[PDB]
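Atom set for the values below is all heavy atoms of this structure, side chains included, hydrogens, waters and symmetry mates excluded. Lettering of chains follows the sequences in order, A, B, ..., and the numbering in each one begins at 1. Both counts, for ligands and for their atoms, begin at 1 and track the order of listing.
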Amino acid sequence: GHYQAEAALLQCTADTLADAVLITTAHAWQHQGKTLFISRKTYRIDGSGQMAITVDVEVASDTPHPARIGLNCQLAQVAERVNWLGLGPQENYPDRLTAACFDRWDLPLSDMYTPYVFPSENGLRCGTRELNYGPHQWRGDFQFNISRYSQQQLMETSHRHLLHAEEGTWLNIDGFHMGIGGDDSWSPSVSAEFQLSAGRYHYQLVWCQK
Amino acid sequence: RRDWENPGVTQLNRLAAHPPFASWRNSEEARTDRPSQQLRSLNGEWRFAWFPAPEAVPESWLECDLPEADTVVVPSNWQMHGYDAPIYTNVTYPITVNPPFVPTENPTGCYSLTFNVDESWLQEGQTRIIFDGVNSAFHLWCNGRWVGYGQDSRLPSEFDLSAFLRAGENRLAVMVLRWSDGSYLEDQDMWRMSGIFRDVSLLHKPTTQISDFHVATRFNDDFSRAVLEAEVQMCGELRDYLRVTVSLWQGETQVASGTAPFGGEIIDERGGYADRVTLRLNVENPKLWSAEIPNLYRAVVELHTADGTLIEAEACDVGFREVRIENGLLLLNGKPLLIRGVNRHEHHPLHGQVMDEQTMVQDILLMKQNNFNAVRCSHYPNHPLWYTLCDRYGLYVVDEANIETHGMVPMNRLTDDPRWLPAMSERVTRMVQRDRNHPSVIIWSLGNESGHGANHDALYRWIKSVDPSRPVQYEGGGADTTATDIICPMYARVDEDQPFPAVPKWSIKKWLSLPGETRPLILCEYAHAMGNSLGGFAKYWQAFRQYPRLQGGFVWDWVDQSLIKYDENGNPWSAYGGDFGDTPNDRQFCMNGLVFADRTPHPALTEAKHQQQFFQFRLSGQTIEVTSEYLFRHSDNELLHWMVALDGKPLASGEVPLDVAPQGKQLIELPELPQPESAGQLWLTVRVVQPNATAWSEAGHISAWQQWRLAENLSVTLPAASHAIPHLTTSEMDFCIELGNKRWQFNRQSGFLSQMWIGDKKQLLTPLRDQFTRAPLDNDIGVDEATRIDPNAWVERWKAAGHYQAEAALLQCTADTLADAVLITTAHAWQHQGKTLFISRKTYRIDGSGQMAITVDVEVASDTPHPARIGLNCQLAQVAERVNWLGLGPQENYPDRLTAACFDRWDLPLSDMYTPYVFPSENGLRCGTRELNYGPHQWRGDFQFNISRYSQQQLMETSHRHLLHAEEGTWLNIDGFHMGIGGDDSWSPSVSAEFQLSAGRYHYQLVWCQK
Ligand SMILES: [Mg+2]
Ligand SMILES: [Mg+2]
Ligand SMILES: [Mg+2]
Ligand SMILES: [Mg+2]
Ligand SMILES: [Mg+2]
Ligand code: NA
Ligand code: NA
Ligand code: NA
Ligand code: NA
Ligand code: NA
């Protein structure tokens, strides 16, 4: 039920600090009465206008290891360039990133999408410390992809030519992403060290305006 | 003539070597291995005097007792009686390297004994004396007359005393030299001692006698038929009426018997051996010998006349087994072995190198109880009883010649020299002559660490020629030379190559498939168990099980070579190299054992037991698949206990009989499990239990276990809204938080929690602070010393980077009030000479329920050596009796040594949370802990911890465990993360990359509350 799981809200609180506002949340993703994942977050918005997001995720040991642990949203903005400090310039994944180099990369948005004839998750860049897109900057230690296509559309579309650019820009920012495998393509081939099996995961991001 | 400085003279007037004799004059006694009247022990009280050199021995001693002599027990090492110091040196010879010469100051032990001989022994036949072990060389006199000379400290020297003895009282005089040309071949990594340290006996044989006998067992293709072949040799007058009968018994049942006069088959142009005969006995459906089922027969060899008068009888235990290498695999009875082995020195903490039956039996029982099936005689032939016990209890033995020349430069200087071939040859040939009838011996070894020389090749071929029944191995010169049937490296790693010039240690998986290579690989030494060690043990066993031609190895090693000393109050303490004034020495390198000298286990022993299990387990749904790794036996003394528990709380249990064929499988379906009525992780534990006692174990012995996570129900229920809210007081010096009876104090200058109160009682003696270091393990230290720094060792990398000296600089310390809690935020930098090593960012959240949640985020500079740990420490004010935790245990476990530990609720006395390694270090960690309870305190999260009365600082500064003093209160170390302990060896970095703290950024969270 990973694709069908619904987020039940466990906690949502707001506190005013000396120089900041703190929002704390907790969600449980459940399927047929089974809790798959728990996500606990804090959002700290300070006087500098920066939003620090801390995320702690619990994954049930008896659920299949998830494809990713991250956040996503559809941004209103469509910008021409994507600028990042991390592994690149090309698409790279945890078990396919040796060729990628750590540097400051700057590509047109279209280059952040890989046009596989059969559409799927694509265009991830790993080991990224800073991402810039229009007025937005995200900082941390994350993997990301960014494109005009939602994960839902990619999942529901059989051929690349049938894809349509959606309104705005879909951003996926992952603390953690599963390996892609490939020893063969007809049996599970992601090696143990690239499966998300740790049970508890932590990541942190800062969102601000540049 | 100074025979002790001449490798051309290794003996004078010594009798031929032979299998164990007793000269029974009753055949029934021979059958049942009862004491023989003709084999007398001369063990007991002897006279002893110590001299600094053989030149200082007075001539009067030859004929008369010295009044200055003492009465001492024999066998003994004279260092153990305090006459001079034992020396612990590893590689460097304890004497100047100047072969074949030894020091002019050569400690000399003068032993004598007055003893009775009955005229019946002298009227007829031959009376010999047998010295089972004299270290390192000796001259022998009897009644003032010189008899002979012997070298090789580890094999029996026998002399004919018939012409020297008279009825009634006789006196032996034995002059034992500490050093001889023999010492050049005896450079094993062990205490250097001397004396008459094995049994002394007197044996009577008739003039017409059995002088040698060899037993062989040959089989058909399926082992359903065997022929026992017994070659018997006589000395004395050949007569046509003489006969040899060989009979074979299984218990009290005679299986076979054959009789023949003397006279062997034609051998060559000159005829045959008139003084030999070979008997051949057919055995149908023989009961086969293995370590799994040590089935033994008894062969009785009778020398007699045709009219039926017995002259004498000899005998041995016979194990029907075939050892062969075929298609690159070592086979026993046609099946490929998996060697669960250990190296074992002959060592006792009080008696030195004197072995007794009780200690030998203790060792064998502990070995078998911990899933060992094999022992290597490192590095010399053992006390004769050892082989009998291995025959009868069932252990595979590597019997190894007493040849080690480690300290030579290059290592093969002597072993490539033909002038040393005679001395080496005697050490090999006399071992084979003595031990070749023991079924437990499955492999011969040419010695240890003597390079590779032409003498090795010659002696390899000699053994192959005289005894085709056993493979020959030898590690010297790169572990895969022409002098070895088995690739037998020491401390080769599983995946990592160590490409040393000339003698590389390849990854064992890689080694097997090098171009042209076909031999099996069994490590002669691996997993160096020095101090807190055996990290990565599971990696070896995974490889052993996956690769057919990786057939296991021998752990280094069984028992710590520590010795007992006594302080000024007369209390015993464990001593190592240098503690006897011995210099140069190699300090604690003599302690490499899975057990302490007194045979108390180190924590590593349980890891060995678990990894060496004979049953393998898989889980699919509710089906447990049990696979037998036995080669010969069915699981006829085994049942499987299973238990399901929710966070340590038992929910269901059962037991199922195991009926698994060797190499077979059994499927066991668990019953429908009741649903847990609360949140948490269900765990399944299985154990194989032996309901019946054996020769080596008690009823209820656990031989195997395994654990799996079952269903987990994550907690989604919020805790009840608290009644009270914590109160913050801000001052210039402190942030103080109050809630009911509880108070927390955060120092604003240091940025740490400096004190807590429950009522009026202070809880801390030392503030709660980050810790990134550990008191170095033996594996962290390696060969690093004060006079010789080894910059590659982990401890030196940590020291040079300033990890132990780094001081915390406060970056941030702030306090906020939330709707239901107080939040303290801190940030510290650890710096050394302008370099920021670590940054710790923390939040402490104290809520109305009294719980303090600590969140820690650590940054580690990528260019600093990866730290030993990332955690917190404090000295608690209280000392409590018990430690209770939910996590891995009960025993000490580390990230690379935790497979044997089980997740459960454990409760131990505080003292059990400290491991008394003789050389003190970080110890007693338990990993994967979700809850810890101590006194009024409870800590929750996902952490590793240790808890004891000794600080890391004290452990770091103390060389011996007996010098440790319990500090006020209790030192707690709670780690989010801890580095591996390593142990592939203990003289180079051995912690594998996956167990190094290299991530750069680390997060952990703890909740501290009242229990
Ligand atoms: Mg000599
Ligand atoms: Mg009698
Ligand atoms: Mg007399
Ligand atoms: Mg050595
Ligand atoms: Mg396990
Ligand atoms: Na698709
Ligand atoms: Na194997
Ligand atoms: Na050693
Ligand atoms: Na059974
Ligand atoms: Na120490």
Side-chain angles (χ1 to χ4, degrees), chain A residues 2-3 67-68 91 93 113-124 145 147-166 170 172 180-181 185-186, chain B residues 62-65 112-123 127 141-145 161-173 202 292-293 613-617 624-642 654-668 686-694 697-705:
Chain A
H2 287 202
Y3 291 102
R68 47 148 55 93
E91 176 192 276
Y93 284 81
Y113 158 74
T114 308
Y116 295 116
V117 175
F118 178 82
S120 72
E121 156 66 36
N122 72 92
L124 200 76
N145 68 52
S147 78
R148 308 291 304 278
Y149 316 109
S150 68
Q151 293 290 291
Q152 186 182 352
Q153 198 195 157
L154 293 163
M155 210 180 298
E156 289 173 353
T157 310
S158 63
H159 291 73
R160 68 176 186 186
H161 76 283
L162 296 174
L163 293 164
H164 68 269
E166 294 174 45
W170 281 96
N172 303 293
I180 61 179
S185 300
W186 48 91
Chain B
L62 298 184
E63 281 167 336
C64 189
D65 184 64
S112 54
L113 180 69
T114 300
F115 65 106
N116 173 62
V117 177
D118 192 78
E119 178 60 23
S120 65
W121 280 47
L122 306 175
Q123 282 169 321
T127 302
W141 293 261
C142 187
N143 294 320
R145 292 174 51 203
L161 293 188
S162 305
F164 294 86
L165 296 165
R166 62 206 57 139
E169 296 308 317
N170 295 264
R171 187 168 168 273
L172 302 167
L202 217 64
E292 301 175 21
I293 311 175
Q613 279 164 191
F614 289 89
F615 299 95
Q616 298 303 298
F617 306 96
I624 300 156
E625 183 197 65
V626 184
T627 302
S628 173
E629 288 190 315
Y630 284 112
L631 303 171
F632 312 111
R633 65 175 295 270
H634 281 252
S635 67
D636 66 3
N637 186 18
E638 276 91 359
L639 77 93
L640 190 87
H641 279 51
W642 66 265
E655 54 186 291
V656 181
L658 287 180
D659 185 22
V660 201
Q663 303 295 287
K665 295 178 186 296
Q666 184 181 334
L667 296 177
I668 297 160
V686 299
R687 289 176 199 195
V688 176
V689 177
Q690 300 177 177
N692 301 134
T694 71
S697 61
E698 296 186 84
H701 174 73
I702 300 160
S703 64
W705 63 95

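- Interatomic distance, CG of A/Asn122 versus OH of A/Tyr93, reported as 5.5 Å (0.5 Å rounding).
- Side chains of A/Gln151 and A/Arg68: a donor-acceptor N/O pair is present below 3.5 angstrom, by distance only.
- Looking only at atom types and distance, the side chain of A/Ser150 has a donor-acceptor partner in the side chain of A/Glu166 under 3.5 Å away.
- Nearest N/O/S atom of B/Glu638 with respect to the Na ion (ligand 9) is recorded as O.
- Taking 3.0 Å as the criterion, B/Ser635 counts as a coordinating residue of the Na ion (ligand 9), since one of its N, O or S atoms falls below it.
- Taking the Na ion (ligand 6) as the apex, the angle formed with O of A/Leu154 and O of A/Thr157 is 80°, to the nearest 10 degrees.
- Residue-environment remark: CG (B/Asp65) exceeds the threshold of 12 foreign heavy atoms within 6.0 Å.
- At a cut-off of 3.0 Å, B/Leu658 coordinates the Na ion (ligand 9) through an N, O or S atom.
- Other residues, nucleotides and ligands place no more than 12 heavy atoms under 6.0 Å from the CZ atom of B/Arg687.
- The distance from the Na ion (ligand 6) to the nearest N/O/S atom of A/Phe118 is not under 3.0 Å.
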